[PDB]
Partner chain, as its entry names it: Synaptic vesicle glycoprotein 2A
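Single chain ahead, by itself, as structure tokens, in the form solved without the partner chain.
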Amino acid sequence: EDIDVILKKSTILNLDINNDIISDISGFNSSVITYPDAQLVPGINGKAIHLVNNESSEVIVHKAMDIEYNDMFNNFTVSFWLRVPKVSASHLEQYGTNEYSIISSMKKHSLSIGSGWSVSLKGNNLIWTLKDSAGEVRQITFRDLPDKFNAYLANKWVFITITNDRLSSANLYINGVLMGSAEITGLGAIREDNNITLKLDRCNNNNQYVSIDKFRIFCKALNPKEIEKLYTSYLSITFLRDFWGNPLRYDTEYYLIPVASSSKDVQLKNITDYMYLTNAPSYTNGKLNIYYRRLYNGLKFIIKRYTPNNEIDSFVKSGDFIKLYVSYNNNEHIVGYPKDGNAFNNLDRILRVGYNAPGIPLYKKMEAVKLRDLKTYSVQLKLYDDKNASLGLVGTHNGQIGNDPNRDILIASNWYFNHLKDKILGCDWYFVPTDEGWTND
């Protein structure tokens, strides 16, 4: 059939956030009780649920009387956007074995041993548990990647999809990719609690917090194609996104990292001069089997509206014309390309920071766009002159300026426009803002 129709008709619960209110929009109108400390934060498309570690931080969904899908052997799928901060080395050793659930249909503290199902976290493990009324439990334990820059439980919004085919297996996917599975054939009736609880339960780390968005449940075990569609469907090209998957913002400091060479940071030669790539320092921990390129080194960039048009908003949308500045010595210097400014083969125009030569035009009108790699939280920057001509997309060129060492220098080139289909390009940028969800060990 139509994947879109199937996806829609199979939805039996779909939490949305409108006007700061969390409710079910599936149609069965499952009642939603939002406790005092359930906070709201930027989500994948609108706002999202943010949970902290205290009794008042929870959201309870009272399943409608028409929704009891976990019937004798009946299939269901759970999907949602998840964001958990990078567990620090100390906390990993500290609370690494502390399994705490974050979403459950189980009713602990009364009876019905382990009720139905749950989504729990243990150190850097994402766990799915299914338990029937006769004891029987099944699980999928996902062990995240060592490299936290590319891990899934390390401060980036990620799409979780767990399908349950009671006639075969249960499968866990992340951003549409299968990453764990378990047989679940032969389970008895799952008699869970009438409430689905969104809450950090049994977590000993008082500082722990997670973020959940678009929590949804389907009455069928989604297949790879439907999952793949559900996933990409949430990616609205409208607003741009920063490294963590949050909406990109104006007048906010961002460190830039080129997707095509993620181990690199951006440095400035001298004010009025060019920028270039640098190897970022690393953090490695063999005992905890954790490692990642550190963040927050290099130049701080700041996006500003070229001309404060129609609205005093702070969200950057694709197509917005902007001005780029780098903060060096507390002062903000504009980023651009001077007329007839030095360039590599008159193609790759070398960018400059704080260029201020008298009588020389400095082209700095830029457009923030999203022209490719929909799944990656990356942005492209298009530079124009003053006569609406494209001076190219911001990227890098590996050359030598004067007698300086051979470097990967930031430039503006139109060559990019003829390779937008490539996997890895060079004009793709990560905008990294300092976040409490990630501090270098």
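Residue numbers count along the first chain shown, from 1.
Although it is not shown, the form deposited with the partner chain bound is what the next lines describe.
Asks: Could you tell me which one of 294, 317, 138, 122 places a heavy atom within 4.5 Å of the partner chain in the bound PDB entry?
Replies: Here the answer is residue option 294.
Asks: Just give me the single entry in 90, 261, 270, 282 that has a non-hydrogen atom within 4.5 angstroms of the partner chain in the bound PDB entry.
Replies: In short, 282.
Asks: Residue-level contact is defined here as any heavy atom of the residue lying within 4.5 Å of the partner chain in the bound PDB entry; does residue 56 satisfy this criterion?
Replies: Result no; residue 56 lies far from the partner chain in the bound PDB entry.
Asks: Does the 4.5 Å heavy atom contact test between residue 202 and the partner chain in the bound PDB entry come out positive?
Replies: No, no contact at 4.5 Å.
Asks: Looking in the bound PDB entry, any heavy atom of residue 400 within 4.5 Å of the partner chain?
Replies: So residue 400 counts as contacting the partner chain.
Asks: Is residue 186 a contact residue for the partner chain in the bound PDB entry, using a 4.5 Å heavy atom cut-off?
Replies: Result no; residue 186 lies far from the partner chain in the bound PDB entry.
Asks: Report the stretch among 146-154, 213-221, 226-234, 273-281 that approaches the partner chain in the bound PDB entry to within 4.5 Å, counting heavy atoms only.
Replies: The contacting stretch is 273-281.
Asks: Across 397-411, which residues bring a heavy atom to within 4.5 Å of the partner chain in the bound PDB entry?
Replies: In sequence order, 400, 405, 406 come within 4.5 Å of the partner.
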